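A short worksheet on the structure shown next.
Letters A, B, ... mirror the listed sequences (proteins, then strands); counts begin at 1. All values below come from the heavy atoms of this structure, side chains included, with hydrogens, waters and symmetry mates left out.
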Amino acid sequence: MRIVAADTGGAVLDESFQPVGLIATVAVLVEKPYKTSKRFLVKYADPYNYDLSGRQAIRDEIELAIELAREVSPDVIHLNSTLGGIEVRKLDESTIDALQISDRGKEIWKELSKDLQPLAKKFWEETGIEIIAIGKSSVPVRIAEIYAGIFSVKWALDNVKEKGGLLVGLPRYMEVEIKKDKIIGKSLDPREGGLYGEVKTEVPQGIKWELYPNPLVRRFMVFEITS
Amino acid sequence: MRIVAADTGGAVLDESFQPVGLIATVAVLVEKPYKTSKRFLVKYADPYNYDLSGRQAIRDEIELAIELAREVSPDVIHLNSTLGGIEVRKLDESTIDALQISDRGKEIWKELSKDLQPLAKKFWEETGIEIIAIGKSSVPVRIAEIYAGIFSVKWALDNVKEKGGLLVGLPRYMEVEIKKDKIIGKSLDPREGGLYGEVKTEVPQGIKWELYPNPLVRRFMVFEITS
Amino acid sequence: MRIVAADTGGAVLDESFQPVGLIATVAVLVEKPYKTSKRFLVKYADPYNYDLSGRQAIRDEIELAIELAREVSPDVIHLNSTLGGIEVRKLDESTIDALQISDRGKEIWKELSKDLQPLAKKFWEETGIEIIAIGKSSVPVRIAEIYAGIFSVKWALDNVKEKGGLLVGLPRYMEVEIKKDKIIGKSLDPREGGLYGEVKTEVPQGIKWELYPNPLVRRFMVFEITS
DNA sequence: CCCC
DNA sequence: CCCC
DNA sequence: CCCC
C-alpha cells in the first residue's frame, strides 16, 4: 500500500508548560514496511498568532495531503480524525450525526463539511483517491505526527536566536535526537513497531538543548533549547 | 496458582490488510512465574471459510480450555472476554444486563449463554473448576494470545508453498522470531513484564518472511511470507 | 516548576493474589528534569488492618503532601485523582456534579469535600499554594507512585523475617532492583520518559526475592520475599 | 475517584 | 463481547 | 474532532 497522511503537531509552550500555538503541519508518503517516510511536505504556522480553539490545522492538513497526493499518487489519503474511516467526500449533516463520536465531534464537522466535502469530492472525481478520517488507528498518521514533532524541533532550531529561548511541546511519547546534519525523531512506544523519522537541516552553533518529560502531561516530552 | 487459559488469534489478511478469517485457537497452562506456557493445545480453523461476524471463536476457546483442563487439573480457567471476571455458569440475562458492557456485547452474550452457561455449570459440578470471563485483565489469556500468534505464523509456514504468499495479522503488539527449529513469540509491551512463548516446528526452506506494522491498525504487526 | 505530589500504593497480597491492604503513602518533591525525586516523605499503613472499601488513602495523601509542602514551598500540589486539574478548594457538590467523572466518583468526592475542601481552602489562604486534582495526567504523581512501590518493597524487607513470607503487589508496570544499600524503582513504560526512584535502606540477609507478573492483573508486578 |  |  |  502507498498512503499519504497529514497531521498538525508540536506546540510552543510558555514557562507554565501551557500550549501557546501549534507549529508544524506535515504530509507524508508512507510505503512498506510502513515504519517511516522518505517523501514529505511541511507547512509552518505562526504559534504566536494561532487559535487553539479554532481548527485551522485540519484545513491545512487536508490541503497539504492533497498537494502531495497529486504528485505521488497514493492509494488513499489518511486524515487525522477518528471517525471510523469514513470518506470525507461522503460527509454531510446526515452522516455526521450517525457517527458514534461525541456530540461536540458532530458539531465541529458540520462546519468543516462546507469546504472539505466538496473538495474531497472534486479530488476523488479527478484522481479516484479517497480521503478517509481514520485518525488514531492509522500508522501513516502517527508517522506524520512524528514528523510534525521533528519539524517543530527544526522550527525551534531555525528560530531560537531571534527569541532567545523556546519550549517545544512534542507529540505523544516521542523523542528527538540532533546530529550534525539531521534531526531524528522516534516513537517511545515499542508497541508501534519502531516508528521513526529523519529530516536534514543545518544545526546552528552556540545552542544547548534538553529533552525531558512534561510534568503536567504524562507521556509527553518537552524540547528545550537556549543560547 | 495454576491457570488454564484459551484464546483465538491471528488472521489471514488480503493485500489491503483486511482480515479474511481467524487462524489459531490455543489453550495454555500457565504457572509461576507466569511469563510463558510450556503446556498447550492448538486448534486450527479454515481462514478462507471463516465467519468473522460469527462467534465460533469463543466456543472453540471454551472447548479447548476444558479439554486441556481435564488433563492438567488447573485451579481456574480464564476465558478471553472482559466481563469483569464473572463465572460463565452464572450468566443469566439479569447479570448480563447488569454488566458494564455495550448493548451489542449484551446481545451477543445473551445468545452465547444458551450453550455456554450449562456447559460451564456441568464442568464445575464435575471438577469444581470455575470458568471466568476475565479477558484483558488476565496474564494467562495474554500468554494464550501470544501463542495464537505463534501458531498462526506456523500455519503460514506450513501453508505458504501451496498458497505462494500470505499476509498474517498477528495479535496486538507481539513479534515473532524464526530460528532453525522453533518460533519465538514476544510481547512488544515491556509493561506486561516480559511475556513470551515458544513452539518447535520444522521450518521450510526457500522462503522469505518480513515483520512490519499493519498500516491500518496501529500496534498490530503483520507477518508476510513468500516463496 | 517545583511540584509536591502524593500517592498511596503497594499492597499485601494473599496466595490468590487478592489485595489485603495498602502499604505506603509517599509525598515527593519534583523538579526539572522531572524524572525522579531527591526529597520525599513516607507514611506506612497497617495492611492487615486496612479498609480497601474505605478511602483513607487519599486523606493520608493530602495530609502528607501538605506536611512536605510546608517545608519546601513548592509552586503547586498534585493530588492523585483525575478530575481534570480542578483545585480541591473549589470542590463543592455544585462543581462536583458538573465534573465529567463517574456517578460513583461524584458520590465519593461529595463526601470527601466535607473535610478536604475546607482543608484546601485553609492551606491556600496561608501559603497561596493550590492543591489540584490532576491524577493520571501528572508526572510528579507517577513519581510518587513509583516511590510508593519502592517503600512497599522496603516495608516488606523490614517486616519479612517476622512474617516469614510476603507477596507485595506493586503499582502499575514498575520494577524494583535491590542493591547492597538501596532499592531502585523504575517505570516499565518507556513512554513516560524514564521515570525512576531511589531509596537507601539496610538490606536484611538470608532473604530471597523474586519479581514476576500478577497473573490476575496484567501490567502489575508482584514482589515476593522469603527467609 | 482510588487499589492490585 | 471478540478480530485485525 | 484535535492540541500539549
Quick one: label [X] by what it contacts on the DNA or RNA (base, sugar-phosphate, nothing), any heavy atom closer than 4.0 Å.
{"X": "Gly10(A)", "value": "sugar-phosphate"}
{"X": "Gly135(B)", "value": "nothing"}
{"X": "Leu22(C)", "value": "sugar-phosphate"}
{"X": "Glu61(C)", "value": "nothing"}
{"X": "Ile101(C)", "value": "sugar-phosphate"}
{"X": "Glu145(C)", "value": "sugar-phosphate"}

Under the rule for ring-ring contact (aromatic ring centres under 6.0 Å, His included), what residues qualify as partners of [X], not counting sequence neighbours?
{"X": "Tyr34(A)", "result": "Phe17(B), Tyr212(B)"}
{"X": "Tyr50(C)", "result": "none"}
{"X": "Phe220(A)", "result": "none"}

- Query: Can you give the first and last nucleotides of DNA chain E, 5' to 3', that have an atom under 4.0 Å from a heavy atom of chain B?
  - Reply: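 Extent of the interface on DNA chain E: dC1(E) to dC4(E).
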- Message: Regarding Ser16(C) and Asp14(C), do their side chains bring together a donor and an acceptor under 3.5 Å, going by distance alone?
- Response: yes
- Message: Can a side-chain donor-acceptor contact be found between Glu61(C) and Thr8(C) if the only test is distance below 3.5 angstrom?
- Response: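 The criterion, which ignores hydrogens and geometry beyond distance, is satisfied for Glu61(C) and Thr8(C).
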Listed partners of [X] passing side chain to side chain contact (heavy atoms under 4.5 Å, CB included), at least two apart:
{"X": "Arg59(A)", "answer": "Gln56(A), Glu111(A), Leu112(A), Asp115(A), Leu116(A)"}
{"X": "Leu99(A)", "answer": "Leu83(A), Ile86(A), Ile101(A)"}
{"X": "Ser102(B)", "answer": "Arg104(B)"}
{"X": "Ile96(C)", "answer": "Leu91(C), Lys106(C), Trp109(C), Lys110(C), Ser113(C)"}

- Query: If you find the nucleotide of DNA chain E closest to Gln100(B) and the one closest to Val222(B), which residue's nucleotide is nearer the 5' end?
  - Reply: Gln100(B)
- Item | Whichever of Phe17(C) and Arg55(C) has its nearest DNA chain D nucleotide further upstream toward 5' |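 Closest to the 5' end, via its nearest nucleotide, is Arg55(C).
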- Item | Proximity to DNA chain D (any heavy atom under 4.0 Å), residues of residues 211-219 of chain A only |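 The stretch gives none, as no residue of it lies under 4.0 Å from the strand.
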- Excluding sequence neighbours, so at least two apart, what forms side chain to side chain donor-acceptor pair (under 3.5 Å) with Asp46(A)? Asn49(A)
- Item | Contacts of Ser138(B) that satisfy side chain to side chain donor-acceptor pair (under 3.5 Å) - sequence neighbours left out |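 With neighbours one apart ignored, the set is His78(B).
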- Message: Tell me which residues in residues 102-116 of chain B lie within less than 4.0 Å of DNA chain E, going by non-hydrogen atoms.
- Response: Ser102(B), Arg104(B), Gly105(B), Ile108(B), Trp109(B)
